[PDB]
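Q: when you get a sec, could you give me coordinates for this:
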Amino acid sequence: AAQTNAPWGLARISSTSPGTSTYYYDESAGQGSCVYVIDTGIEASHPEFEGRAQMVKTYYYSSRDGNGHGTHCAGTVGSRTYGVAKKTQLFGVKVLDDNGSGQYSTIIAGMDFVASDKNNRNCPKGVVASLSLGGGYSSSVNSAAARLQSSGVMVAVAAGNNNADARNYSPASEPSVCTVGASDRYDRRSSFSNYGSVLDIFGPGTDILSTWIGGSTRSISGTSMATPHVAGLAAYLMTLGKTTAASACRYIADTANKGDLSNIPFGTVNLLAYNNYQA
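A: Numbers count the residues shown, from 1 in each chain. Next comes the structure:
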């Protein structure tokens, strides 16, 4: 399938080269998979989600996304126009308040929630969790992400926007999850992207158009935007039977575009997420 005039990041994920604008993908489109977006919530009524998004948990007085961040990330995972996996099921877990903040104890609870809650959902092709959030190093936050991964969920986490080594941030520094840095449309490391040995992969993160609250759209930048590209790619590949939740991060690294990014620090992987789809 071909989506013309796609957001640059979608086109990048299905291309061996930067500078194109058509997204190519297998029409299965993540059908039968599930992606949990652990964030500020999801505006599930947005027409771009087509009824495929729902809130399953909040730790606040509302499940509504009063910020936009979670809706934007969910849109990159699976919205019809802005999403990588356009037929996946999206589940919202609101661990961040409408200012985009959350206590680590709530984030931990949300991760353990997903590990159990997937057993209440129909996801025959596999389960993914996208965590566009983080803070300073916490062994308890890392352990929560490790448990979620161990339980059979492909966990993708943002590397962070500190232009620093991700080893000092959580859950970015947990080795067993998929830690995602950000690149721009010219295949440069995003200026804000964290780096380091713990990164597994890069995805498009600078100037990413996606859904926003109020039934709108906007373009924003961050490793928060790169992470749902990888989460959606994992769901897409699992639906295709190419990989599993346990191995999807490694498979994405194995099949990535290699050596194409600039300003990658010595010791950081030079790997850009790629669906290797041959139309």
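Q: hang on, residue 218 in a helix?
A: No: Residue 218 sits outside any helix when classified using DSSP: H, G, I helix; E, B strand; the rest coil, being strand.
Q: any idea what residue 218 is bridged to?
A: Beta-bridge pairing for residue 218 (DSSP bridges): residue 210.
Q: what about it, distance to residue 254?
A: Counting by CB to CB, to the nearest Å, the gap from residue 218 to residue 254 is 34 Å. The way it works is simple: take the backbone N, C-alpha and C, and place the C-beta from them, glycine included.
Q: mind listing the strands for the stretch 51-200 of the chain?
A: Here the stretch 51-200 of the chain has its strands, by DSSP state E, counting those that start in this stretch, at 53-58, 89-94, 126-131, 135-136, 153-158, 169-170, 178-183.
Q: residue 72: which of those is closest?
A: Ranking these by proximity to residue 72 (CB to CB) places strand 126-131 first, at 11.5 Å.
Q: which other helices and strands contact the closest one?
A: When contacts are defined as 3 or more CB pairs under 8 Å, 6 or more residues apart in numbering; DSSP states H and E, strand 126-131 sits against strand 33-39, helix 69-78, helix 104-117, strand 153-158, helix 223-239.
Q: tilt between the shortest one and helix 69-78?
A: Orientation note: strand 153-158 sits at an angle of 120 degrees relative to helix 69-78 (axes from the mean of the first three to the mean of the last three CA atoms, to 10 degrees).
Q: what's strand 153-158 packed up against?
A: strand 126-131, helix 139-150, strand 178-183, helix 223-239, helix 248-254.
Q: who are the contact partners of residue 26?
A: 1, 236, 240, 277 (CB atoms under 8 Å, 6 or more residues apart in numbering).
Q: hang on, it in a strand?
A: No: under three-state DSSP, residue 26 falls outside any strand and is assigned coil.
Q: which among the contacts of residue 26 count as buried?
A: For those, a burial check counting by 16 or more other CB atoms under 10 Å picks out 236, 240, 277.
Q: the last one contacts residue 15, doesn't it?
A: No: contact criterion CB atoms under 8 Å: residue 277 and residue 15 do not qualify, at 9.6 Å.
Q: any shared contact partners between those two?
A: Here residue 277 and residue 15 have residue 24 as joint contacts, going by CB under 8 Å, 6+ apart.
Q: circling back: Serialize the strands of the stretch 51-200 of the chain to TSV and add fields for mean neighbour count and distance to residue 19.
A: Shown next, in TSV, are the strands of the stretch 51-200 of the chain (neighbours: other CB atoms under 10 Å; distance: least, CB to CB, whole Å):
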stretch	mean neighbour count	distance to residue 19
strand 53-58	19	31
strand 89-94	27	30
strand 126-131	30	27
strand 135-136	14	35
strand 153-158	31	25
strand 169-170	26	32
strand 178-183	30	13
